[PDB]
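Down below is the structure, laid out as structure tokens.
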Amino acid sequence: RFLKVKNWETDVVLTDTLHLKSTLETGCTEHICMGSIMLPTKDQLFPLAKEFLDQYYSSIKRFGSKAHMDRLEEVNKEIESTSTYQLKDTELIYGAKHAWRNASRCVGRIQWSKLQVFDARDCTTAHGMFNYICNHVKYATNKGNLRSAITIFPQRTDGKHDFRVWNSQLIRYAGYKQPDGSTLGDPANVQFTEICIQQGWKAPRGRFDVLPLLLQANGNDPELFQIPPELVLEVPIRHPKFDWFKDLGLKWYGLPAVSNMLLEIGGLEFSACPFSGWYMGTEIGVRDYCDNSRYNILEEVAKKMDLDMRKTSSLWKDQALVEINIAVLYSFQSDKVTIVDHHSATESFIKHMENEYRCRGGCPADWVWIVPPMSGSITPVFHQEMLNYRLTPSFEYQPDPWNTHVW
Amino acid sequence: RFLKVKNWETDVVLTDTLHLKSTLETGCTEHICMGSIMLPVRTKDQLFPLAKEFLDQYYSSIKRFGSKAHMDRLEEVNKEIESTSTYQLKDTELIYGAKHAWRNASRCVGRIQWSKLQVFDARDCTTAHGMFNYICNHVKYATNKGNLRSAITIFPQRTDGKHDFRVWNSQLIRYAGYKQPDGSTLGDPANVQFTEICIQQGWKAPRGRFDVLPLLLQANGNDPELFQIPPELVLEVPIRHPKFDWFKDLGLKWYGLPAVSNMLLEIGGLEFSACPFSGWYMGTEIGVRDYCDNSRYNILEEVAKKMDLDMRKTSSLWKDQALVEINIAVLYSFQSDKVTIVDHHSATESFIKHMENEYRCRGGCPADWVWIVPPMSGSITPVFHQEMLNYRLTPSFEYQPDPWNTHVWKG
Ligand code: HEM
Ligand code: HEM
Ligand SMILES: N#Cc1ccc(CCNCc2ccc3ccc(N)nc3c2)cc1
Ligand SMILES: N#Cc1ccc(CCNCc2ccc3ccc(N)nc3c2)cc1
Ligand SMILES: C[C@H](O)[C@H](O)[C@H]1CNc2nc(N)[nH]c(=O)c2N1
Ligand SMILES: C[C@H](O)[C@H](O)[C@H]1CNc2nc(N)[nH]c(=O)c2N1
Ligand SMILES: [Zn+2]
């Protein structure tokens with residue numbers, strides 16, 4: 001019941017007690033581990049509120065205070081009357097930071113306490129949402145000196161008045177299916193790119209077209225908005241040794257801003273809560289650029305390097321993968337946009353784990369997601385045992401709004 | 001209860017029914033996943049169901065389930081258990097058992113080969129010298145002058161746990177490690193503890209960077225004895241790089257035959273505590289882990305210097321760059337010397353096919369993603385994108401404590 005985790009490179013052992021706080025379920029059982037599976041009312045509401053307020057008031061050293069009981073009382077009365085309740089600004093901020101803190105798949109969590117929270121609960125319209133989102137983007141981008149941020153739209157009520165951002169990220173490239181049978185642009189976004197077209201977007205049908213925003217307010221139908229291009233910071237990708245690399249025509253955007261997740265705090269659900277930090281290089285260089293069902297550029301790059309692609313054993317894919325990832329880091333650094341390599345990031349996370357075990361009693365971590373998609377065992381996290389479990393407040397996945405939406 | 005796994009690169013969806021035949025525990029609960037944890041004297045009471053379960057499986061596989069020979073065998077085993085407190089496996093059952101233990105090894109990427117396994121029955125063995133002889137033969141057969149053949153040699157099963165056969169080496173062939181007075185380590189740091197034991201037992205260490213360890217063999221619960229594998233049986237490969245001529249001067253080599261000797265083989269409730277087995281290497285085992293783990297030979301820096309990479313910033317990915325060339329060199333050297341080896345692309349691609357085949361013919365394939373995914377270039381291999389389900393089937397290979405921690409010394 002008190003669990004130990006070992007780092008096999010350093011022999012450092014940490015003891016986990018935080019997992020006993022855990023509430024939600026993992027998908028695993030005594031008979032079967034599902035560690036690699038991608039996706040495993042008033043009476044309900046009050047204990048959830050209570051649990052949250054308990055940890056909030058504990059966090060500020062007023063556990064068992066009059067203010068605690070008063071707030072508990074006040075929220076309790078409000079649930080009985082209104083069937084929901086509203087978070088104080090302080091509670092909202094604490095909740096959002098802690099959702100990030102609890103995100104077991106996030107390697108960047110050492111930054112968790114430095115998050116700018118934008119309260120957009122006064123928003124009533126998609127135009128309003130757009131304004132809030134442009135402000136988020138400009139603030140977080142900060143001319144390339146990225147600052148982590150979250151914008152929080154009104155909470156779910158009866159689920160027929162949901163605020164949703166239909167985009168998966170605020171900034172993403174379109175995907176079009178060709179008559180050639182192939183795919184131009186980002187294959188991951190073909191379906192959404194269609195829905196933008198079905199709703200009226202004029203696609204430029206290019207390789208790297210910034211998608212328009214599809215914004216849903218108060219359960220109404222979604223609307224299109226173009227992010228001012230001046231607010232979309234992008235980085236042309238060159239290699240510091242290969243002059244021909246610039247001719248590949250690649251670029252990426254500086255701001256990773258996930259917009260389709262569900263934020264849960266004290267039993268309350270925020271279905272529209274776009275957040276942003278900054279990239280780890282492998283996200284673009286390894287996954288975005290080299291995944292087969294994505295931009296899939298390995299072959300072309302390999303050819304330009306004139307590698308022996310006859311046999312897999314030449315490790316040409318591995319060679320190319322490295323150089324591509326060099327270029328990404330080099331380009332972002334050269335243009336002064338915040339980015340972190342997989343070595344620096346995983347090393348930070350180890351320090352963060354140690355901080356969390358020391359100061360909190362543990363840290364939930366999904367090894368399958370924390371270990372980078374390249375050079376796994378030369379990063380310290382590979383050798384680090386981790387315990388995965390679900391703490392609240394949390395970020396959760398939710399269905400895509402088109403499968404749900406009653407038009 | 002049906003269970004679906006998804007490949008997110010191909011959208012291929014597979015349905016697992018095999019997990020229903022699972023008994024052993026994962027270490028996981030509904031409240032916690034221990035998927036990345038490295039490591040999460042039996043009574044006749046608990047022994048017969050295990051025998052029956054095994055024999056039921058065996059006789060199904062040969063399509064004689066419920067036959068008179070099936071029934072008689074259960075009867076025979078039953079009586080032999082209640083008379084002698086244990087039972088002996090037929091040769092056929094032993095072979096079936098060994099192959100299925102490999103087939104069930106969720107952490108093994110090489111399982112496409114599971115049905116090709118040369119089983120050596122060493123259950124008539126009684127002494128350490130006898131173990132040495134069996135092991136020498138295993139090494140010669142499996143090596144086959146570079147054309148490696150998978151094999152396992154199986155020594156007598158545990159009885160009262162006081163007469164265990166154990167091979168004290170973690171692998172039949174492995175390099176010594178020597179801790180120096182200055183804190184540095186000469187040779188393989190992973191083997192410092194075992195090296196020290198050998199030396200204590202009388203081994204005269206050459207004290208070099210690549211000294212092949214002696215065998216330390218324990219028969220029938222007696223104190224272990226030292227033997228030297230004939231050098232002419234130990235196939236080694238000098239590591240050079242196809243374009244970098246200085247790479248040879250690093251002085252690296254490795255042995256050809258990966259042969260794990262410290263695991264426990266469970267078949268029908270019986271425990272085989274000495275069952276060394278061997279296949280062939282995936283390149284990354286040597287080029288990534290053995291050479292590049294900070295706690296192993298740790299050659300990244302010296303290699304990086306020789307390539308003249310920017311080693312001042314990690315964001316140059318000098319480590320990633322040097323890792324690739326080293327792994328190229330390992331593969332190149334083995335292929336050049338015609339010693340069997342497989343790259344991580346080939347191996348993982350084969351595993352996917354094996355896994356799909358297992359789902360179709362067997363109803364599932366238990367697999368440990370954390371272990372199956374190679375330690376470099378993870379997502380450019382197809383296994384990264386494959387959801388897997390991990391669970392325990394018997395027969396199986398299990399870990400067991402190191403014998404020096406448990407052994408009762410005779411003197
Ligand atoms: C500031 C620098 C940050 C870095 C370097 C970073 C790094 C990462 C990386 C590499 C992943 C894996 C994502 C993937 O492979 O698709 C991830 C996941 C995640 N991150 Fe972070 N992150 C940062 C900031 C943030 C912030 C500000 C939040 C929220 C407030 C956050 C919440 C999450 C969540 C919930 C996941 C899980 C993603 C999922 O389940 O789909 N991260 N992070
Ligand atoms: C024929 C070529 C083979 C290849 C390429 C191969 C590949 C591998 C690799 C790369 C690992 C991971 C080991 C590590 O990283 O420490 C592994 C694990 C394992 N293999 Fe295979 N293998 C082969 C044959 C065999 C055979 C013949 C057996 C037994 C009859 C076997 C049983 C196992 C078991 C039980 C593990 C788990 C290791 C552990 O838990 O420590 N493999 N294999
Ligand atoms: N199909 C699919 C499919 C693929 C990936 C994911 C998870 C994507 N998470 C992206 C994500 C989330 C948060 C992040 C925070 C920071 C950062 N640099 N990248 C981040 C990236 C889900 C479904
Ligand atoms: N400390 C430690 C520690 C390090 C490694 C392991 C597991 C090692 N597994 C080695 C292993 C086992 C079976 C194999 C089969 C074939 C092959 N090529 N390599 C194989 C390699 C456990 C504890
Ligand atoms: C099948 C497997 O769960 C899937 O490919 C996971 C593996 N680990 C990952 N890790 C990160 N960081 N991001 C991912 O998308 C994935 N995908
Ligand atoms: C802590 C973690 O489970 C440990 O480093 C594992 C990770 N995956 C592995 N995978 C393989 N094949 N071999 C290993 O030794 C390990 N080590
Ligand atoms: Zn699990």
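Just remember, in the structure tokens the first chain shown is A, the second B, etc., residues are 1-based per chain, and ligands are 1-based in the order shown.
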
Shell of 10 Å around ligand 6 (only C-alpha atoms and all ligand atoms), written as a PyMOL selection string
(chain A and resi 5-9+367-368+371+376-377+380-386) or (chain B and resi 34-39+107-109+284-285+289+368-375)

Please produce an output containing N, CA, C and O atoms for each residue in the selection, written as a CSV table (one decimal), in the first residue's frame.
```
chain,number,residue,atom,x,y,z
A,5,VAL,N,9.3,3.2,-6.0
A,5,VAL,CA,9.8,3.3,-7.4
A,5,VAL,C,11.3,3.4,-7.5
A,5,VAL,O,11.9,4.2,-6.8
A,6,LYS,N,11.9,2.6,-8.3
A,6,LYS,CA,13.4,2.6,-8.4
A,6,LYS,C,13.8,3.2,-9.8
A,6,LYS,O,13.2,3.0,-10.8
A,7,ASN,N,14.9,4.0,-9.7
A,7,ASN,CA,15.6,4.4,-10.9
A,7,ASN,C,16.8,3.5,-11.0
A,7,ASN,O,17.7,3.4,-10.2
A,8,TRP,N,16.8,2.7,-12.1
A,8,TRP,CA,17.8,1.6,-12.3
A,8,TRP,C,19.2,2.1,-12.8
A,8,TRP,O,20.1,1.3,-12.9
A,9,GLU,N,19.3,3.4,-13.1
A,9,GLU,CA,20.5,3.9,-13.6
A,9,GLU,C,21.2,4.5,-12.4
A,9,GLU,O,22.5,4.4,-12.3
A,367,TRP,N,4.8,6.2,-18.1
A,367,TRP,CA,6.1,6.0,-18.8
A,367,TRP,C,6.0,5.9,-20.3
A,367,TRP,O,6.9,6.3,-21.0
A,368,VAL,N,4.9,5.2,-20.8
A,368,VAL,CA,4.7,5.1,-22.2
A,368,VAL,C,4.6,6.4,-22.9
A,368,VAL,O,5.0,6.5,-24.1
A,371,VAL,N,8.5,8.8,-21.8
A,371,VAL,CA,9.7,8.5,-22.6
A,371,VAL,C,9.6,9.0,-24.0
A,371,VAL,O,8.6,8.6,-24.7
A,376,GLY,N,15.2,6.7,-26.6
A,376,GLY,CA,14.6,6.4,-25.3
A,376,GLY,C,15.5,6.2,-24.1
A,376,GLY,O,15.4,6.8,-23.1
A,377,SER,N,16.4,5.2,-24.3
A,377,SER,CA,17.2,4.8,-23.2
A,377,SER,C,18.5,5.7,-22.9
A,377,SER,O,19.3,5.4,-22.0
A,380,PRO,N,17.0,9.9,-19.1
A,380,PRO,CA,17.0,9.3,-17.8
A,380,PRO,C,15.6,8.7,-17.4
A,380,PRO,O,15.6,7.7,-16.7
A,381,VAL,N,14.5,9.2,-18.0
A,381,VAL,CA,13.2,8.7,-17.7
A,381,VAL,C,13.0,7.2,-18.1
A,381,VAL,O,12.2,6.5,-17.5
A,382,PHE,N,13.7,6.7,-19.1
A,382,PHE,CA,13.7,5.3,-19.5
A,382,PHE,C,14.0,4.4,-18.3
A,382,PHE,O,13.3,3.4,-18.2
A,383,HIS,N,14.9,4.8,-17.5
A,383,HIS,CA,15.4,4.0,-16.4
A,383,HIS,C,14.7,4.2,-15.1
A,383,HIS,O,15.0,3.6,-14.1
A,384,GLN,N,13.7,5.1,-15.2
A,384,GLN,CA,12.9,5.5,-14.1
A,384,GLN,C,11.6,4.8,-14.0
A,384,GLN,O,10.7,5.0,-14.8
A,385,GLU,N,11.4,3.9,-13.0
A,385,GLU,CA,10.1,3.4,-12.7
A,385,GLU,C,9.1,4.5,-12.3
A,385,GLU,O,9.5,5.4,-11.6
A,386,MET,N,7.9,4.4,-12.8
A,386,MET,CA,6.8,5.3,-12.6
A,386,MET,C,5.6,4.6,-12.2
A,386,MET,O,5.3,3.5,-12.7
B,34,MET,N,1.2,-0.5,-12.8
B,34,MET,CA,2.6,-0.7,-12.5
B,34,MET,C,3.3,-1.3,-13.7
B,34,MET,O,4.3,-2.0,-13.6
B,35,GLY,N,2.8,-0.8,-14.9
B,35,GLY,CA,3.3,-1.2,-16.2
B,35,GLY,C,4.8,-1.0,-16.4
B,35,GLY,O,5.4,-1.6,-17.2
B,36,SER,N,5.4,0.0,-15.7
B,36,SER,CA,6.8,0.3,-15.9
B,36,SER,C,7.7,-0.2,-14.7
B,36,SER,O,8.9,0.1,-14.7
B,37,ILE,N,7.1,-0.9,-13.8
B,37,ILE,CA,7.9,-1.5,-12.7
B,37,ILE,C,8.7,-2.7,-13.2
B,37,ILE,O,8.1,-3.5,-13.9
B,38,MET,N,10.0,-2.7,-13.0
B,38,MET,CA,10.8,-3.8,-13.5
B,38,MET,C,10.5,-5.2,-13.0
B,38,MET,O,10.3,-6.1,-13.7
B,39,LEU,N,10.4,-5.3,-11.6
B,39,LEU,CA,10.0,-6.6,-11.0
B,39,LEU,C,8.9,-6.4,-10.0
B,39,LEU,O,9.1,-6.2,-8.8
B,107,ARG,N,7.4,-9.9,-22.8
B,107,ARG,CA,8.5,-8.9,-23.0
B,107,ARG,C,9.4,-9.3,-24.2
B,107,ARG,O,10.4,-8.6,-24.4
B,108,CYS,N,9.1,-10.4,-24.9
B,108,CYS,CA,10.0,-10.8,-26.0
B,108,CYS,C,9.6,-10.5,-27.4
B,108,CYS,O,8.5,-10.9,-27.8
B,109,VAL,N,10.4,-9.6,-28.1
B,109,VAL,CA,10.0,-9.2,-29.4
B,109,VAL,C,10.3,-10.2,-30.5
B,109,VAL,O,9.7,-10.2,-31.6
B,284,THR,N,20.2,-3.4,-31.0
B,284,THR,CA,20.1,-2.4,-30.0
B,284,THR,C,20.5,-2.9,-28.6
B,284,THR,O,20.9,-2.1,-27.7
B,285,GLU,N,20.3,-4.2,-28.3
B,285,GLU,CA,20.8,-4.7,-27.0
B,285,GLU,C,22.2,-4.4,-26.7
B,285,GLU,O,22.6,-3.9,-25.6
B,289,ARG,N,22.0,-0.4,-25.3
B,289,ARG,CA,22.1,-0.7,-23.8
B,289,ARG,C,23.5,-1.1,-23.3
B,289,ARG,O,24.0,-0.3,-22.5
B,368,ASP,N,4.3,-6.8,-23.7
B,368,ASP,CA,4.7,-5.7,-22.7
B,368,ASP,C,5.3,-4.5,-23.6
B,368,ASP,O,6.5,-4.6,-24.0
B,369,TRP,N,4.5,-3.5,-23.8
B,369,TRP,CA,4.9,-2.4,-24.7
B,369,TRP,C,6.2,-1.8,-24.3
B,369,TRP,O,7.1,-1.5,-25.1
B,370,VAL,N,6.3,-1.6,-22.9
B,370,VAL,CA,7.4,-0.9,-22.3
B,370,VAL,C,8.7,-1.6,-22.7
B,370,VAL,O,9.8,-1.0,-22.8
B,371,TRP,N,8.6,-2.9,-22.9
B,371,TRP,CA,9.8,-3.7,-23.2
B,371,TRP,C,10.0,-4.0,-24.7
B,371,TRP,O,11.1,-4.1,-25.3
B,372,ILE,N,8.8,-4.2,-25.4
B,372,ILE,CA,8.8,-4.5,-26.8
B,372,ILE,C,9.4,-3.3,-27.7
B,372,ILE,O,10.2,-3.5,-28.6
B,373,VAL,N,9.0,-2.1,-27.3
B,373,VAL,CA,9.5,-0.9,-28.1
B,373,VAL,C,11.1,-0.8,-27.9
B,373,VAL,O,11.5,-0.7,-26.7
B,374,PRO,N,11.8,-0.7,-29.0
B,374,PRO,CA,13.3,-0.6,-28.9
B,374,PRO,C,13.7,0.7,-28.2
B,374,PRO,O,13.0,1.7,-28.2
B,375,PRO,N,14.9,0.7,-27.6
B,375,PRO,CA,15.4,1.8,-26.8
B,375,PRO,C,16.0,2.9,-27.6
B,375,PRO,O,16.5,3.9,-27.0
```

Residues of chain B within 8 Å of ligand 4: nearest atom pair and distance (Å, one decimal) for each, counting only C-alpha atoms and all ligand atoms, sorted by chain and number, as JSON lines?
```
{"residue": "B:38", "atom": "CA", "partner": "ligand 4", "partner_atom_place_in_ligand_line": "22 (C)", "distance": 7.1}
{"residue": "B:108", "atom": "CA", "partner": "ligand 4", "partner_atom_place_in_ligand_line": "15 (C)", "distance": 6.9}
{"residue": "B:110", "atom": "CA", "partner": "ligand 4", "partner_atom_place_in_ligand_line": "16 (C)", "distance": 7.2}
{"residue": "B:190", "atom": "CA", "partner": "ligand 4", "partner_atom_place_in_ligand_line": "1 (N)", "distance": 7.4}
{"residue": "B:258", "atom": "CA", "partner": "ligand 4", "partner_atom_place_in_ligand_line": "18 (N)", "distance": 5.5}
{"residue": "B:259", "atom": "CA", "partner": "ligand 4", "partner_atom_place_in_ligand_line": "15 (C)", "distance": 7.0}
{"residue": "B:260", "atom": "CA", "partner": "ligand 4", "partner_atom_place_in_ligand_line": "12 (C)", "distance": 5.6}
{"residue": "B:277", "atom": "CA", "partner": "ligand 4", "partner_atom_place_in_ligand_line": "15 (C)", "distance": 7.7}
{"residue": "B:278", "atom": "CA", "partner": "ligand 4", "partner_atom_place_in_ligand_line": "16 (C)", "distance": 6.2}
{"residue": "B:279", "atom": "CA", "partner": "ligand 4", "partner_atom_place_in_ligand_line": "16 (C)", "distance": 5.2}
{"residue": "B:280", "atom": "CA", "partner": "ligand 4", "partner_atom_place_in_ligand_line": "18 (N)", "distance": 4.8}
{"residue": "B:281", "atom": "CA", "partner": "ligand 4", "partner_atom_place_in_ligand_line": "18 (N)", "distance": 3.8}
{"residue": "B:282", "atom": "CA", "partner": "ligand 4", "partner_atom_place_in_ligand_line": "18 (N)", "distance": 5.6}
{"residue": "B:285", "atom": "CA", "partner": "ligand 4", "partner_atom_place_in_ligand_line": "19 (N)", "distance": 7.1}
```

8 Å from ligand 1 is the threshold here; counting only C-alpha atoms and all ligand atoms, which polymer residues fall inside it? Answer as a PDB file with N, CA and C atoms, in the first residue's frame.
```
ATOM      1  N   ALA A  96      -6.808  24.725 -11.961  1.00  0.00           N
ATOM      2  CA  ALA A  96      -6.228  24.590 -13.286  1.00  0.00           C
ATOM      3  C   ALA A  96      -4.756  24.175 -13.190  1.00  0.00           C
ATOM      4  N   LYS A  97      -4.039  24.764 -12.234  1.00  0.00           N
ATOM      5  CA  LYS A  97      -2.621  24.477 -12.077  1.00  0.00           C
ATOM      6  C   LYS A  97      -2.477  23.030 -11.662  1.00  0.00           C
ATOM      7  N   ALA A  99      -4.662  20.535 -12.228  1.00  0.00           N
ATOM      8  CA  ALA A  99      -4.986  19.661 -13.360  1.00  0.00           C
ATOM      9  C   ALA A  99      -3.714  19.361 -14.169  1.00  0.00           C
ATOM     10  N   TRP A 100      -2.938  20.411 -14.441  1.00  0.00           N
ATOM     11  CA  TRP A 100      -1.650  20.262 -15.112  1.00  0.00           C
ATOM     12  C   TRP A 100      -0.711  19.428 -14.243  1.00  0.00           C
ATOM     13  N   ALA A 103      -1.385  15.784 -14.567  1.00  0.00           N
ATOM     14  CA  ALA A 103      -1.403  15.178 -15.900  1.00  0.00           C
ATOM     15  C   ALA A 103      -0.264  14.158 -16.094  1.00  0.00           C
ATOM     16  N   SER A 104      -0.549  12.879 -15.873  1.00  0.00           N
ATOM     17  CA  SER A 104       0.520  11.866 -15.781  1.00  0.00           C
ATOM     18  C   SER A 104       1.311  11.642 -17.077  1.00  0.00           C
ATOM     19  N   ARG A 105       0.776  12.129 -18.186  1.00  0.00           N
ATOM     20  CA  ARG A 105       1.444  11.973 -19.466  1.00  0.00           C
ATOM     21  C   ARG A 105       2.260  13.182 -19.876  1.00  0.00           C
ATOM     22  N   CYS A 106       2.338  14.196 -19.012  1.00  0.00           N
ATOM     23  CA  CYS A 106       3.016  15.435 -19.397  1.00  0.00           C
ATOM     24  C   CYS A 106       4.430  15.496 -18.829  1.00  0.00           C
ATOM     25  N   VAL A 107       5.425  15.628 -19.704  1.00  0.00           N
ATOM     26  CA  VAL A 107       6.823  15.619 -19.266  1.00  0.00           C
ATOM     27  C   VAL A 107       7.245  17.003 -18.779  1.00  0.00           C
ATOM     28  N   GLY A 108       6.454  18.025 -19.121  1.00  0.00           N
ATOM     29  CA  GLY A 108       6.861  19.397 -18.858  1.00  0.00           C
ATOM     30  C   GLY A 108       6.365  19.936 -17.524  1.00  0.00           C
ATOM     31  N   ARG A 109       5.948  19.036 -16.637  1.00  0.00           N
ATOM     32  CA  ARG A 109       5.229  19.438 -15.432  1.00  0.00           C
ATOM     33  C   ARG A 109       6.048  20.165 -14.366  1.00  0.00           C
ATOM     34  N   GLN A 111       7.052  22.961 -14.658  1.00  0.00           N
ATOM     35  CA  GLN A 111       6.573  24.332 -14.840  1.00  0.00           C
ATOM     36  C   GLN A 111       5.176  24.576 -14.267  1.00  0.00           C
ATOM     37  N   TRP A 112       4.592  23.538 -13.674  1.00  0.00           N
ATOM     38  CA  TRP A 112       3.154  23.522 -13.406  1.00  0.00           C
ATOM     39  C   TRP A 112       2.609  24.726 -12.631  1.00  0.00           C
ATOM     40  N   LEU A 115       1.574  29.176 -14.425  1.00  0.00           N
ATOM     41  CA  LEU A 115       0.566  29.070 -15.480  1.00  0.00           C
ATOM     42  C   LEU A 115      -0.293  30.312 -15.408  1.00  0.00           C
ATOM     43  N   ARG A 147       5.054  31.852 -22.962  1.00  0.00           N
ATOM     44  CA  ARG A 147       4.571  31.742 -21.592  1.00  0.00           C
ATOM     45  C   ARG A 147       3.364  30.811 -21.554  1.00  0.00           C
ATOM     46  N   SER A 148       3.381  29.853 -20.629  1.00  0.00           N
ATOM     47  CA  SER A 148       2.272  28.909 -20.482  1.00  0.00           C
ATOM     48  C   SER A 148       0.979  29.622 -20.072  1.00  0.00           C
ATOM     49  N   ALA A 149      -0.141  29.218 -20.678  1.00  0.00           N
ATOM     50  CA  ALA A 149      -1.443  29.815 -20.374  1.00  0.00           C
ATOM     51  C   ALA A 149      -2.623  28.880 -20.612  1.00  0.00           C
ATOM     52  N   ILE A 150      -3.716  29.167 -19.913  1.00  0.00           N
ATOM     53  CA  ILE A 150      -4.984  28.489 -20.138  1.00  0.00           C
ATOM     54  C   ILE A 150      -6.104  29.529 -20.125  1.00  0.00           C
ATOM     55  N   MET A 261      -9.535  19.375 -24.958  1.00  0.00           N
ATOM     56  CA  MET A 261      -9.620  18.588 -23.731  1.00  0.00           C
ATOM     57  C   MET A 261     -10.716  19.083 -22.797  1.00  0.00           C
ATOM     58  N   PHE A 275      -5.321  25.366 -23.695  1.00  0.00           N
ATOM     59  CA  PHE A 275      -4.101  25.667 -22.947  1.00  0.00           C
ATOM     60  C   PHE A 275      -2.865  25.488 -23.828  1.00  0.00           C
ATOM     61  N   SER A 276      -1.761  26.097 -23.410  1.00  0.00           N
ATOM     62  CA  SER A 276      -0.568  26.143 -24.233  1.00  0.00           C
ATOM     63  C   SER A 276       0.662  26.232 -23.346  1.00  0.00           C
ATOM     64  N   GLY A 277       1.761  25.649 -23.825  1.00  0.00           N
ATOM     65  CA  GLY A 277       3.050  25.779 -23.174  1.00  0.00           C
ATOM     66  C   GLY A 277       4.045  26.040 -24.281  1.00  0.00           C
ATOM     67  N   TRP A 278       4.988  25.120 -24.467  1.00  0.00           N
ATOM     68  CA  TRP A 278       5.925  25.215 -25.589  1.00  0.00           C
ATOM     69  C   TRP A 278       6.410  23.821 -25.964  1.00  0.00           C
ATOM     70  N   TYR A 279       6.927  23.688 -27.182  1.00  0.00           N
ATOM     71  CA  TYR A 279       7.233  22.370 -27.744  1.00  0.00           C
ATOM     72  C   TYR A 279       8.464  21.684 -27.173  1.00  0.00           C
ATOM     73  N   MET A 280       8.386  20.364 -27.070  1.00  0.00           N
ATOM     74  CA  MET A 280       9.595  19.547 -26.982  1.00  0.00           C
ATOM     75  C   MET A 280       9.881  19.218 -28.434  1.00  0.00           C
ATOM     76  N   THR A 282      11.019  16.791 -30.282  1.00  0.00           N
ATOM     77  CA  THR A 282      10.614  15.516 -30.874  1.00  0.00           C
ATOM     78  C   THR A 282       9.153  15.487 -31.329  1.00  0.00           C
ATOM     79  N   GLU A 283       8.301  16.293 -30.688  1.00  0.00           N
ATOM     80  CA  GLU A 283       6.896  16.364 -31.083  1.00  0.00           C
ATOM     81  C   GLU A 283       6.755  16.701 -32.562  1.00  0.00           C
ATOM     82  N   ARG A 287       7.418  12.987 -34.390  1.00  0.00           N
ATOM     83  CA  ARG A 287       6.040  12.569 -34.622  1.00  0.00           C
ATOM     84  C   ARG A 287       5.417  13.312 -35.806  1.00  0.00           C
ATOM     85  N   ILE A 339      11.850  26.440 -27.111  1.00  0.00           N
ATOM     86  CA  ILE A 339      11.713  25.018 -27.433  1.00  0.00           C
ATOM     87  C   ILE A 339      12.651  24.277 -26.499  1.00  0.00           C
ATOM     88  N   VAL A 340      12.340  23.020 -26.196  1.00  0.00           N
ATOM     89  CA  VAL A 340      13.224  22.243 -25.340  1.00  0.00           C
ATOM     90  C   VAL A 340      13.550  20.896 -25.999  1.00  0.00           C
ATOM     91  N   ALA A 345      14.412  18.221 -21.290  1.00  0.00           N
ATOM     92  CA  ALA A 345      13.062  18.043 -20.750  1.00  0.00           C
ATOM     93  C   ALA A 345      12.946  16.847 -19.792  1.00  0.00           C
ATOM     94  N   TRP A 369       4.140   7.454 -22.213  1.00  0.00           N
ATOM     95  CA  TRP A 369       4.063   8.801 -22.785  1.00  0.00           C
ATOM     96  C   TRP A 369       5.234   9.707 -22.429  1.00  0.00           C
ATOM     97  N   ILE A 370       5.823   9.486 -21.259  1.00  0.00           N
ATOM     98  CA  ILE A 370       6.919  10.338 -20.785  1.00  0.00           C
ATOM     99  C   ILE A 370       8.222  10.072 -21.549  1.00  0.00           C
ATOM    100  N   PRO A 372      10.521   9.762 -24.509  1.00  0.00           N
ATOM    101  CA  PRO A 372      10.447  10.392 -25.842  1.00  0.00           C
ATOM    102  C   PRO A 372      10.406   9.356 -26.964  1.00  0.00           C
ATOM    103  N   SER A 394      -8.339  17.377 -13.084  1.00  0.00           N
ATOM    104  CA  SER A 394      -7.725  16.681 -14.211  1.00  0.00           C
ATOM    105  C   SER A 394      -8.108  17.257 -15.563  1.00  0.00           C
ATOM    106  N   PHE A 395      -7.237  17.022 -16.543  1.00  0.00           N
ATOM    107  CA  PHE A 395      -7.610  17.163 -17.949  1.00  0.00           C
ATOM    108  C   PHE A 395      -8.024  15.776 -18.450  1.00  0.00           C
ATOM    109  N   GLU A 396      -9.140  15.722 -19.167  1.00  0.00           N
ATOM    110  CA  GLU A 396      -9.680  14.479 -19.692  1.00  0.00           C
ATOM    111  C   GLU A 396      -9.948  14.642 -21.178  1.00  0.00           C
ATOM    112  N   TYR A 397     -10.049  13.526 -21.894  1.00  0.00           N
ATOM    113  CA  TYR A 397     -10.503  13.572 -23.276  1.00  0.00           C
ATOM    114  C   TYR A 397     -12.019  13.636 -23.274  1.00  0.00           C
TER     115      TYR A 397
END
```

Pick out the closest residue to residue 238 (chain B) from this set: B:162, B:253, B:70, B:362. Count only C-alpha atoms.
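Once distances to residue 238 (chain B) are computed over only C-alpha atoms, the minimum belongs to B:253.
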
Residues within 9 Å of region 262-268 of chain B, please, as a PyMOL selection string. Count only C-alpha atoms; anything in the same chain fewer than 6 positions from it doesn't count.
chain B and resi 47-55+89+93-94+97-98+101+154+166-171+274-276+394-402
